[PDB]
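Okay, here we've got a single chain as structure tokens, the form solved without this ligand, with questions on binding and movement later.
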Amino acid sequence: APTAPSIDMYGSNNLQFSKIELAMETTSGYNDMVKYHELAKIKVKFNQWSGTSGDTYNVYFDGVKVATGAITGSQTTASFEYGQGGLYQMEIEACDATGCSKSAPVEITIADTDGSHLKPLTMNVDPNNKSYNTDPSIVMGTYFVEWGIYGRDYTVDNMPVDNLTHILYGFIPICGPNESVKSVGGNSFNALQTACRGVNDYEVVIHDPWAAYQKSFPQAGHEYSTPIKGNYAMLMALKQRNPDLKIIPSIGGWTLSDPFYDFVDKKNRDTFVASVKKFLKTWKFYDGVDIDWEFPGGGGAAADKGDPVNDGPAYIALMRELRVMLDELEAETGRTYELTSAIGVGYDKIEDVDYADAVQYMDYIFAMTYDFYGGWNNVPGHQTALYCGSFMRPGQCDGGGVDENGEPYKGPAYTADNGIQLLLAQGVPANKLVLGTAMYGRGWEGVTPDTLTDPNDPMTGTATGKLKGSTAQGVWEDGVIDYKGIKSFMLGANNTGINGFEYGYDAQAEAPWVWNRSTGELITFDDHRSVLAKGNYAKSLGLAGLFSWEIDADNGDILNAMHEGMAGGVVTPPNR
């Protein structure tokens, strides 16, 4: 007396209460599927069927009073709000003037999107990824792709997190013009139309809610009724394991950049910046935002887009206004938020943005020092080289030369160093630049020995088309192959070549190749040596560190070599 509350355990997903409502077993518009609440609504039914009811109840979490209210009669509903996610030991107590009696304790879960209710994620990482003691100042970045969980079968728990400082999550789309998404075929454009139903143009949405939060991952302990699932629940648990990990959503990319070209109208930036603030309030494991606008001024997937007059000032303004917004979130939350961007480094991309201006709002620029050459045409070259290759013509490297038809080069050749120097020369600080590493090759076929102008160098040949292969080989798209695929099908464990491929390296460029003389297949990629050279280069220049696209395509070798090449190095972190 009063009789002790007895808690009705049924009808509340095992006393799991979530700050976020996520539609399950359906795909619909983003605003229909996801609803976040600053306070979780907690409802607990208890009864008291024998004896005295009492007047008032108290709820305790781990022995601390968190709520109070009136006992109704022999069955009451405890009803209150709670902000802090976590697992708690709950007891419900009933009181009158004679005394108090409490229920047995029971575990309650309040789910939040920081993973505060989650144990540290159990990892399953390829043991070929080694341990290193790289100084924590240095960036060690990679992209994890949302769609990597299907045929690529590579999931949040496979990531070598201890070897990473930054995980960039590709990709968050923007609602609006998105015809470039059609390039990918399959259901990707249609999925985005669905996600955007009922969403204002220029607002961010989750492209694939199945992958992001609906799919149950048994390696993460997910059950079908778990309130948050998918990659997102796993990234939440991953940050419980490595609290210093920075996880940042990457907006745009190659096929998702079309809406960016309408940011010349401030009204659209305003709509975008506001939706990003809300996305970050909703999805708390995220530590800022990365803008991958490919590209201010054009030259991206959309041939009918790009304005070299207006896009640069739009990008700068975008950065300015995103930084004002993240400073708000910082004031509101007490956390630190980073603002980053992946950018083209061809001279004709750099010249369209005044980065001396932009960079003051930014923590890091991810210099996309890859995709210099590839299967879109029949011209071999080093796709991710530091320096000018031996294949290049006299004056090709600095742009003063003329091509084979006597026509002038329009600018310096596509190499990582030409791009970095252009950036530094404008006043972009070295400690804000992160150098890109490829975890993939680009490739051709038809490059047989008779096409070569220098018989020692297949970069002087001519292709007949793109490299072809199967997904099991890591060829997910013609002319592109996962690094792990090159290792399995071209290098072999000793790196001396298998399946009729030979290995070669251009010492001047700092760039490897593998070439099968008989099929004419030629692949340009990053290997251990070229990545060690990129780390050396980053050390010499005082760059922020290295990042890579994309970790699912690595087998440990690239990330390991990223680490090895920065051994001993330290950098000054930036300020925004």
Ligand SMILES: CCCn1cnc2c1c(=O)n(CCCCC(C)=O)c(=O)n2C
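When you see a residue number, it is the position in the sequence shown, counting from 1. We call the rigid core the largest set of C-alpha positions that still match within 1.5 Å between the two forms. Only residues modelled in both forms are compared.
A.B. asks: Compare the mean C-alpha B-factor of 229-237 with that of 105-113 as given in the PDB entry, and name the stretch with the higher value.
C.D. replies: Comparing averages over the C-alpha atoms only gives 105-113.
A.B. asks: For the stretches 70-78 and 442-450, which has the higher mean C-alpha B-factor as given in the deposited record?
C.D. replies: Stretch with the greater average CA B-factor: 70-78.
A.B. asks: Looking at 432, 269, 487, 466, which has the highest Cα B-factor in the entry?
C.D. replies: Of 432, 269, 487, 466, 466 has the highest C-alpha B-factor.
A.B. asks: Which one of 329, 138, 195, 164 shows the top CA temperature factor in the record?
C.D. replies: By C-alpha B-factor in the record, 329 ranks first.
A.B. asks: Using the B-factors in the PDB entry, rank residue 219's C-alpha atom against the chain and give the third, lowest, middle or highest.
C.D. replies: Middle third of the chain for residue 219's C-alpha B-factor.
A.B. asks: What third of the chain does residue 39 rank in for C-alpha temperature factor, lowest, middle or highest?
C.D. replies: Tercile = highest for this residue's CA B-factor.
A.B. asks: Divide the modelled residues of the chain into thirds by Cα B-factor and specify which third, lowest, middle or highest, holds residue 132.
C.D. replies: For residue 132, whose C-alpha B-factor we compare with every modelled residue in the chain, the answer is the highest third.
A.B. asks: Please place residue 59 in the lowest, middle or highest third of its chain by C-alpha B factor as given in the entry.
C.D. replies: Its C-alpha B-factor belongs to the middle third of this chain's values.
A.B. asks: Within this chain's modelled residues, let me know which third the CA B factor of residue 283 belongs to: lowest, middle or highest.
C.D. replies: For residue 283, the deposited C-alpha B-factor lands in the middle third.
Omitted from view is the form deposited with this ligand bound, to which the following refers.
A.B. asks: Is there any non-hydrogen atom of residue 376 lying within 4.5 Å of this ligand in the deposited complex?
C.D. replies: Result yes; residue 376 sits at the interface with this ligand in the deposited complex.
A.B. asks: Is there any non-hydrogen atom of residue 286 lying within 4.5 Å of this ligand in the deposited complex?
C.D. replies: Residue-level check for residue 286: no, no contact with this ligand.
A.B. asks: Would residue 486 show up as a contact with this ligand in the deposited complex if we use heavy atoms at 4.5 Å?
C.D. replies: Residue 486: no contact with this ligand in the deposited complex.
A.B. asks: So in the deposited complex, does residue 207 come within 4.5 Å of this ligand, heavy atom to heavy atom?
C.D. replies: Output for residue 207 is yes: heavy atoms within 4.5 Å of this ligand.
A.B. asks: Of the residues 349, 239, 117, 166, which one places a heavy atom within 4.5 Å of this ligand in the deposited complex?
C.D. replies: Of the candidates 349, 239, 117, 166, 349 is the one lying within 4.5 Å of this ligand in the deposited complex.
A.B. asks: Looking at 371, 203, 445, 506, which has any heavy atom no more than 4.5 Å from this ligand in the deposited complex?
C.D. replies: Here the answer is residue option 371.
A.B. asks: At 4.5 angstroms, heavy atoms only, are 147, 184 and 295 all close to this ligand in the deposited complex?
C.D. replies: The answer is yes: all three residues contact the partner (heavy atom, 4.5 Å cut-off).
A.B. asks: Based on heavy atom distances of at most 4.5 Å to this ligand in the deposited complex, which listed stretch, 306-314, 89-97, 422-430, 252-260, is the contact stretch?
C.D. replies: It is the stretch 252-260.
A.B. asks: Which residues in 462-486 have a heavy atom within 4.5 Å of this ligand in the deposited complex?
C.D. replies: Heavy-atom contacts to this ligand in the deposited complex: only 477.
A.B. asks: With both forms fit on the core, is the shift of the CA atom of residue 11 between this form and the one not shown 2 Å or larger?
C.D. replies: It does shift by 2 Å or more.
A.B. asks: Fit on the rigid core and then flag the segments of at least 3 consecutive residues whose Cα positions all differ by 2 Å or more between this form and the one not shown.
C.D. replies: After core superposition, the one displaced run is 11-14.
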